[PDB]
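Note sheet for the following structure.
Read-outs: derived from the displayed coordinates by stated rules, not from any lab. When we count neighbours, we look across all protein chains shown, and the Cβ atoms used for this are built from the backbone with ideal geometry, even at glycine.
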Amino acid sequence: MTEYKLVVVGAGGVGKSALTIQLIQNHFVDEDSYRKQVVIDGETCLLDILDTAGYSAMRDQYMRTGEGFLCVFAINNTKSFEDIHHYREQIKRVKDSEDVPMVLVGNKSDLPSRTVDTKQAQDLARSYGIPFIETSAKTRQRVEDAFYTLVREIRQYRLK
Ligand SMILES: NCCN[C@H]1CC[C@@H](Nc2ncc3cc2C(=O)N([C@H]2CC[C@@H](N)CC2)CCCCCN2C(NS3(=O)=O)[S+]3C4=C(Cl)CC=C(O)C423)CC1
Ligand SMILES: Nc1nc2c(ncn2[C@@H]2O[C@H](COP(=O)(O)OP(=O)(O)NP(=O)(O)O)[C@@H](O)[C@H]2O)c(=O)[nH]1
Ligand SMILES: [Co+2]
Ligand SMILES: [Mg+2]
């Protein structure tokens, strides 16, 4: 049975841990790695998800092992959005490729204290050649979509 190593990265407090727990428990949280078997497009797989912190050698190891990365920012935190550059650069450096499966996730979509426009994040994701999904760990909106889209990007990459 195919296994996918997924890595959830992003600045402190964007909701990396909250998104992972929503996928795993279907509950909003008020452990560093999780397993979950799912069917996508008629194919069973085991998701092996790493919840990271917002050490340069351990960092390099998960960026090497990871097959797909959820690059998470919070819509109410512009620094966390600007920081996506840094996570992407680090991953591309370690993987020696401009082509790494990634999805840009704008979390906390439920919040009215919004400082990052959907259009801004859409255009950046277009520049990176990656999908963009807005999610809410609080309400579970698009959380499965974010992780499943990332699995579909890994499968698309595996064709190339
Ligand atoms: N969010 C809390 C912070 N947690 C981070 C998690 C990331 C860092 N820890 C690790 N980073 C990488 C590795 C092991 C550990 C590492 O040493 N840990 C331990 C896990 C036990 C304790 N909670 C302390 C930290 C994190 C869990 C590693 C899980 C195995 N693993 C991997 N192992 S590893 O490459 O040897 S790598 C990986 C990917 Cl990519 C995808 C799915 C996986 O399961 C993966 C720093 C601490
Ligand atoms: N309103 C709202 N708050 C959320 C959302 N996701 C997470 N939070 C809140 O944001 C804070 C940090 O969430 P957490 O999941 O710990 O973020 P993290 O990125 O894992 N943090 P760290 O990098 O420190 O490990 C918590 O108060 C959590 O409840 C969301 O979609 N909406
Ligand atoms: Co740079
Ligand atoms: Mg966390």
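Just to verify a result, which residue in the range 2-29, among those that are surrounded by fewer than 21 Cβ atoms within 10 Å (Cβ to Cβ) and on the phi > 0 side of the Ramachandran plot, is nearest to ligand 4 (Cβ to nearest atom)?
Looking at the filtered set, the residue picked out is 13.
Residue under question is residue 145, and the condition is that it be assigned to a loop (DSSP other than H, G, I, E, B) and either out of contact with any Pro (no Cβ under 8 Å at 6 or more places or on another chain) or of a type in the set (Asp, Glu) (or both); does it hold?
No.
Results for (1) more than 13 Å from residue 147 (Cβ to Cβ); (2) in contact with a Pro (Cβ under 9 Å, 6 or more places away or on another chain); (3) of a type in the set (D, E, K, R), shown as yes or no for each residue.
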site: 2; (1), (2), (3): yes, no, no
site: 15; (1), (2), (3): yes, no, no
site: 21; (1), (2), (3): no, no, no
site: 24; (1), (2), (3): no, no, no
site: 29; (1), (2), (3): yes, no, no
site: 34; (1), (2), (3): no, no, no
site: 43; (1), (2), (3): yes, no, yes
site: 51; (1), (2), (3): no, no, yes
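State which residue pairs qualify: first residue within 16 Å of ligand 1 (Cβ to nearest atom) and inside the range 75-90, second residue among the acidic types (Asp, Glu) in any location, beta carbons under 9 Å apart, and separation of 6 or more residues or different chains.
90/60
Can we say residue 32 is surrounded by 12 or more Cβ atoms within 10 Å (Cβ to Cβ) and not hydrophobic (A, V, I, L, M, F, W, C)?
In short, no.
Identify, from the list 108, 119, 92, the residue that is of a type in the set (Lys, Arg) and within 16 Å of ligand 3 (Cβ to nearest atom).
Of 108, 119, 92, the one residue that is of a type in the set (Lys, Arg) and within 16 Å of ligand 3 (Cβ to nearest atom) is 92.
Checking residue 124 against (1) under 23 Å from residue 35 (Cβ atoms); (2) outside any loop (DSSP other than H, G, I, E, B): exactly one of these is not met. Which one?
Condition not satisfied by residue 124: (1).
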